[PDB]
């Protein structure tokens, strides 16, 4: 049996209004007796969830407390403690808004010289680099319209072999039709990150 605690997601933080945060206890073929206790009390009340029958003999059980959008931003340490329908000693976790930061450095880079000559589809790339917790959000823009997530591909954050400061990196690709590029309209990549002061930061592209 193990307990893990899950932070609010920048997705729900920035583009939304309902950070949940999730304390989930994992495995032990239990009736899910459980019981969860949380830090900021009273304000909003905590909610348990279905024993989402985790593969094998885990049957994991989860918790959320809605509305914790403001206490995340004022740092404030969050605790979760669960004492479970088995034995031994209850389990507990805790997180908070990460200390050290490091703003992303964002770079939107051009189609291949050898690919754009063959006027068909070509590749826009977006590079988030050297930042704080691995969690980021990259959204592409045509003109000034958010493209549906399904039109562009984004890889996940992974630690880069860094000299000292452990920093992350992310890339994204938007494949587009050449006539749009040679025509002259505008594309952008935008990266939202916990550190960054204005939340997201935009950097654009022309040719």
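Numbering follows the first chain given and starts at 1.
S.K.: Averaging CA B factors per stretch from the PDB record, which one is higher: 148 to 156 or 44 to 52?
M.R.: The stretch with the larger mean CA B-factor is 44 to 52.
S.K.: Determine, for stretches 11 to 19 and 190 to 198, which one has the higher mean CA B-factor as deposited.
M.R.: In the deposited entry, the stretch with the higher C-alpha B-factor mean is 11 to 19.
S.K.: Given 32, 171, 26, 166, identify the residue with the highest C-alpha B factor in the PDB entry.
M.R.: Of the candidates given, the C-alpha B-factor peaks at 32.
S.K.: Per the entry's Cα B factor values, which of 95, 87, 137, 106 stands out as the maximum?
M.R.: Highest C-alpha B-factor among the listed options: 87.
S.K.: Using the temperature factors of the C-alpha atoms in this entry, rank residue 37 within its chain: lowest, middle or highest third.
M.R.: Middle third by C-alpha B-factor.
S.K.: Which third, lowest, middle or highest, does the CA B-factor of residue 178 fall in along this chain?
M.R.: Highest third - that is where residue 178 ends up once the chain's C-alpha B-factors are sorted.
S.K.: Taking the values exactly as deposited, rank residue 132 by C-alpha B-factor within its chain and report the matching third: lowest, middle or highest.
M.R.: For residue 132, whose C-alpha B-factor we compare with every modelled residue in the chain, the answer is the lowest third.
S.K.: What third of its chain's C-alpha B-factors does residue 64 belong to: lowest, middle or highest?
M.R.: Lowest third, going by the recorded CA B-factors of the chain.
S.K.: Split into thirds by Cα B-factor across the chain's modelled residues, where does residue 118 land: lowest, middle or highest?
M.R.: CA B-factor rank for residue 118: highest third.
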